[PDB]
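One structure is given here, and the rest of the page talks about it.
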Amino acid sequence: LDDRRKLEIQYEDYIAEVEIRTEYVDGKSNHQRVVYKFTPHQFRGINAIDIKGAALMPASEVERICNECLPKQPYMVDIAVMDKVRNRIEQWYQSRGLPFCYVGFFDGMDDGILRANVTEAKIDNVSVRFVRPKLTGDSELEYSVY
Amino acid sequence: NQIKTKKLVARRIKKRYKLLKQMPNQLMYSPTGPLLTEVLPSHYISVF
Amino acid sequence: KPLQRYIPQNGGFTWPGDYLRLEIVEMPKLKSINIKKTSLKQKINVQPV
């Protein structure tokens with residue numbers, strides 16, 4: 001029970017249900033075999049993967065990430081492929097040094113085309129605030145805004 | 001004292017805000033109570 | 001609404017054992033070969049199982 005609960009909690013997104021069963025190897029020996037069966041969330045059909053947006057990313061990485069996450073079977077595809085694509089894109093952008101370049105969301109599910117629409121960000125507004133901290137023994141600093 | 005912790009665990013299990021935020025597009029997460037029966041008379045659809 | 005009545009009925013177009021296996025239902029079929037950009041001309045509707 002503890003293993004089932006822990007496995008369900010720690011891998012909630014990918015896996016829909018984990019079942020643990022026990023079968024006797026021999027009746028008299030009382031030794032048993034424990035089998036874990038995992039059933040993850042799936043899509044009825046996914047055929048191709050695409051990335052839209054991401055102007056800064058060169059086409060070479062676009063082709064590489066597309067070739068990396070090709071589904072083997074076009075039926076009953078699990079939901080891990082979109083997370084893998086998102087992870088790869090986020091890792092590439094974070095390695096490049098831009099933290100705010102993130103994968104927006106996914107579209108094309110109606111036509112069975114898993115498309116990740118990357119949304120970029122730019123600096124818009126810059127503001128300044130002037131603060132002065134006081135001195136007291138209250139152990140909780142108070143600020144005056146100027 | 002244990003009842004409040006049990007309620008917190010139930011809220012974690014049944015109203016996980018992470019899943020219901022993306023439920024319609026790539027998941028299925030609906031609010032229901034415990035399962036009361038396994039079989040029903042075939043003419044219950046008439047209730048609807 | 002007119003009330004549905006649950007009376008079993010006797011065979012037609014098939015022997016009582018089987019059902020119509022070859023009936024045509026409008027749901028797209030997916031090719032294993034990847035199609036980069038091609039609309040299915042019919043959305044698969046509810047995608048997740």
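Each chain gets a letter, A, B and so on, in the order the sequences are listed, and its residues count up from 1. Side chains included, hydrogens not; waters and symmetry mates left out as well; all remaining heavy atoms used.
By the 4.5 Å heavy-atom criterion applied to side chains, A/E8 and B/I13 are not counted as neighbours.
Considering all non-hydrogen atoms of both residues, B/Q26 and A/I79 come closest at O-CG2, 4.3 Å.
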Inset, instruction - Any chance you could lay out the side-chain contact (heavy atoms from CB on, under 4.5 Å) test for B/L27 and A/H41, step after step, and finish with the verdict? - result: CA-CA 7 Å; B/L27 211 63; A/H41 298 91; 3.5 Å; yes

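Enclosure of atom CZ in B/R11 is not indicated, since only 12 or fewer non-hydrogen atoms of other residues, nucleotides or ligands lie within 6.0 angstrom. Annotation for B/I3: atom CD1 does not count as buried by contact number, only 12 or fewer foreign heavy atoms lying within 6.0 Å. Around the OH atom of B/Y29, the shell of radius 6.0 Å holds more than 12 heavy atoms that belong to other residues, nucleotides or ligands.
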